[PDB]
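# A look at the structure
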Amino acid sequence: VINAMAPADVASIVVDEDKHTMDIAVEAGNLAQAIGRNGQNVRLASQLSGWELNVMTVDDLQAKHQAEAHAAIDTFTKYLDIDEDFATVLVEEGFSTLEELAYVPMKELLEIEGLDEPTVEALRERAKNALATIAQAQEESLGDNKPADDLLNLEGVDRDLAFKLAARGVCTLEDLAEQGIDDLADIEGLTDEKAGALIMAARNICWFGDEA
Amino acid sequence: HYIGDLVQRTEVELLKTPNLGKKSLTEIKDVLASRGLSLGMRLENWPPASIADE
């Protein structure tokens, strides 16, 4: 990685899985020479490792670094969950939030001031259950038969709107066209004008399907 | 409120609105099978000459 940033001054870099994407971490002052030309050293050093590099800045790294600590937390906290006053004091000492942290050391959080019977070791289990709950949410969006490609690729409807429409037994765009404004009015996410426009669009796609 | 207003508008114009349903289309076809309504006519507003005000 560093050798591919030469001739310049590399200091650090990030990693990943298949597409690690070497995130070059240098300083603006040294970035001038490191980057050299917008379309020259950014491509020459891209094939250096064979994959691709993402030249960044020392400050940029930290900026993105924090944009990761808050998110295993910055995601509406859809994992374990209990009281919030204890959750703040737990996430203060907690490294990398709780996102799948049960596979890590399950003995250093017991050092935290307040660890009687295995409950925090249980709080992490709740996070695991939250992951299963997230899989159940996938079942709510796939685990229980989500809409077809005709209904999903319909213009004017998103994935959540397609799921809300398909939750009433419909599966295809023709099934959505068979439903009425009053039948789609049972879902509060769709309005009468929006359900009318979606039904008209599905009926137009069904009727004018012979024309491209 | 009157079926004359339904005869004043085209069936294509009614099919371009999702207020009518799939079973409502079959009911409209059953009503138009008698050819008394939805025959693609055009009125002045309401009244024909036989429908005169007296």
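Residues numbered from 1 in each chain as written, not as in the entry; some residues may be left out. Chains lettered and ligands numbered in written order. Part of a larger assembly, values for the part shown. Heavy atoms only, no water. Residues with missing side-chain atoms left out of burial classes, pairs and counts.

Regarding how it was determined, this PDB entry cites cryo-EM in its header, along with a resolution of 3.2 Å.

### Considering the overall build of chain A
The condition is simple: Helix numbers and strand numbers start at the N terminus; a helix is a DSSP run of H or I with at least 4 residues, a strand a run of E with at least 2. The reference for a compact globule is 2.2 Å times residues^0.38; the radius of gyration itself is calculated from the C-alpha atoms. Burial here depends on accessible area, computed with a 1.4 Å probe over protein chains only, as a share of the maximum for the residue type. Under 20% is buried, over 50% is exposed, and the range in between is partly exposed. Whether two residues are in contact is decided by their heavy atoms, any of which lying within 4.5 Å being enough. Note on areas: these come from Shrake-Rupley sampling with a 1.4 Å probe, and a residue is covered only by the protein chains present in the view.
Across its full length, chain A carries 11 helices and two strands. For chain A, the succession of helices and strands along the chain, N to C, is α-β-α-α-β-α-α-α-α-α-α-α-α. Its C-alpha atoms give chain A a radius of gyration of 25 Å, more than 25% over the compact-globule value 17 Å for 212 residues. When its C-alpha atoms are laid out on the principal axes, chain A stretches across 65 × 60 × 25 Å. Residue burial in chain A is summarised as follows: out of 212 residues, 26% are buried. Here the analysis covers contacts within chain A between residues at least 6 apart in sequence; of these, 48% occur between residues at least 24 apart. Just so you have it, chain A exposes about 14,600 Å², and 50% of that area is on carbon and sulfur atoms.

### Focus: the side chain of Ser46(A)
All names here are of chain A. Let me state the cut-off plainly: Any pair of N or O atoms that falls within 3.5 Å is considered a polar contact. Within protein, one atom must be able to donate a hydrogen and the other to accept it, and sequence-neighbouring residues count only if both atoms are side-chain atoms.
Structurally, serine 46 can be placed in the loop between α3 (41-44) and β2 (56-57). Polar side-chain contacts of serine 46 include one of 2.5 Å to the backbone oxygen of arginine 43. Filtering out sequence-adjacent residues up to four positions away, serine 46 remains in contact with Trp51, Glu52 and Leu53.

### Focus on the interface of chain A and chain B
What counts here: Nonpolar residues are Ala, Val, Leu, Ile, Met, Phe, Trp, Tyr, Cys and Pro. Charged residues are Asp, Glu, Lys and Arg, and all others, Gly as well, are polar.
With six residues of chain A in contact, the opposing surface of chain B contributes eight residues. The element that contributes the greatest number of residues to the side of chain A that touches chain B is helix α11 (residues 192-207) of chain A, accounting for four residues. Tallied by class, the residues present in the side of chain A that touches chain B amount to three nonpolar, one polar and two charged.

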